[PDB]
Every structure is written in C-alpha cells, then in structure tokens.
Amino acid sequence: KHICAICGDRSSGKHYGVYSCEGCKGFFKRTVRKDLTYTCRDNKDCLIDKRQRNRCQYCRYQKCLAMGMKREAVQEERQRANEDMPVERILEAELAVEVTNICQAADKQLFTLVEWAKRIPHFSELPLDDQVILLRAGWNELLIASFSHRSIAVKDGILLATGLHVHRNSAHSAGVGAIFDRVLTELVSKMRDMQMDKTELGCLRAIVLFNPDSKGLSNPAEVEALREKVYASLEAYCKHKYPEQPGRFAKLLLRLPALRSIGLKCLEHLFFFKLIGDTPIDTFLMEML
C-alpha cells in the first residue's frame, strides 16, 4: 500500500502510528517489550535501507522515534503472618550496636553499620555484591539518621557516637554551620517533636538500606521487595503501638526526603575536604568515597 518511512520497504499498513514495513514493525515492538538498550558502534549516523537496516539496532530504533513511532502504542504482551520482615530483629538490630571529630565517629560507626545491616532480616541473605552496593549507596544517610536520633534528647547540638557534644556554635564557625543547622531542625527536632521510638527509626534506616535504585543491584526487583516488606511491617506496627495517631506511618516516611536532601549536602562537603588533605579521614571512609 505505502512505503515504510523508516527503510523504504513496502508498508502494508500503519503500525504504532506510522506507515511501516512488517520488519520494522516487529523490530520496534520487541525493542519496547523486552526493554532493550541498543548502542551504536559507529557514529549514530547509520543509514537504514531495506537492506542493511538490520546492520545497527540503535540507529534503526531511533529512526523509528524520528519517524514518529509511538512506544505507548505497543500494548502489553498477552500472557499469564505479615512478618516476613519482623519488627523485632530490626529493633534488636537498632540496639546491639551502640569536623575532624565527626569523621572519627563517622568512620567508627561505619564498621558497626555492617553489623547492624547483618542483623536486618534477609540482608545478608542476598548477594554479597548487592550487600556492598546497598551499603555503598546509603552509608551517609544511614549514619546521619542514627546520630540525629541520638542527639534527640540533647540540646542544640549532636552527640557523636564516641561522646563529643558538638554544640551548634562550634560549627557555624567551624565553617560547616550551614548544614549543621539543617541536621538539627529537619531531623533532630522533627524526630523529637514526634517522639520517634527506636523501632521506627530502625525501620526507616531499613527502608533506606533496601534501596532498589542503587545502581548495579544484580537483582533490584529483589531489593524493591524487602523494602516493600518493611513498608507493610512498619505500617502495621504504627497501627498497633500508636492507634491514636493514624497519620503516623505517613509522617515517618516523610522524615526521609530531608534525610536525603541533607545527606547529599554532607557528601558534597566531605569531598572538597577529601582530595584537599587539610583534615584526617580514616580508611573505611576512603573506600566509601
């Protein structure tokens, strides 16, 4: 009938919003379903003819997009108690393991974080590579989320996991007061004004731990699951020990954004502090950075 606006072959219909030959139609369809990511070995400048279109997939698919081939057009292949994450192991785990002055406590608490992580259900049960990745991706966020809870009863300053009350002032001058303020008000306060028990903080740290996005996770589907498990678990928990407050589960999960905003800022700092060499940073902190 028409000519496939992709290679020149005979169209014989409109497919995915474009006059296309059967071949191209099927190329596109599969690319979309099997979620494939092609790569051009040449200059992304490959011609696509009735012949030599099968030459390079990347250029061919992009030729589809250009010629307006719609992806959402491809339909979807026609086929086919509540304590898997016990709140106890968590709590029990969040228990048994407890500027230049902060990097000492940081590093120290790093060795002990591998311990905490080991105790969190199913963690050590999934591949060692992911155990690395998961801890690489979120050590700073984890660590901050814990000392921040510790500095809960403490006033306008934090208590390093070694015993060093770092009162605000000390920091605003130490150069890093910009962030030290946010850590107090967006984490400490919020947690204190909410009386976040340490079973909850453990579940939050777990949620941070089981991060399915963390680049490289052999099987991320696995991770996105243990996380949903902690979701289910903690939700119920707040339901049992906190009936008066329905919107608690929500307000707890909403303590996480800031944890990451802040977390990112910190890492930003430890860098223009690292390959500078003006202050001491131990070993474990070097592998993490």
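Note that residue numbering begins at 1 and tracks the sequence as displayed.
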| query | finding |
| --- | --- |
| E98 to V99: deposited residues without atomic coordinates | 10 or more |
| Continuity check for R80 and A81, given as deposited residues lacking coordinates between them | 10 or more |
| Residue range whose averaged C-alpha B-factor is higher in the record, 241 to 249 or 23 to 31 | 241 to 249 |
| Which of 205 to 213 and 153 to 161 has higher mean CA B factor, as the PDB entry lists it | 153 to 161 |
| Given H172, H122, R71, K190, the residue at which the Cα B factor reaches its maximum | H172 |
| Of the residues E94, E200, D84, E141, the one carrying the largest Cα B-factor as recorded | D84 |
| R51 - which third its CA temperature factor falls in, relative to the rest of the chain | highest |
| Entry-reported Cα temperature factor of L128, expressed as the chain third it lands in | highest |
| CA B-factor ranking of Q75, expressed as a third of its chain | lowest |
| Third of chain Cα B-factors occupied by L110 | middle |
| Within-chain third of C7 by Cα B-factor, per the entry | middle |
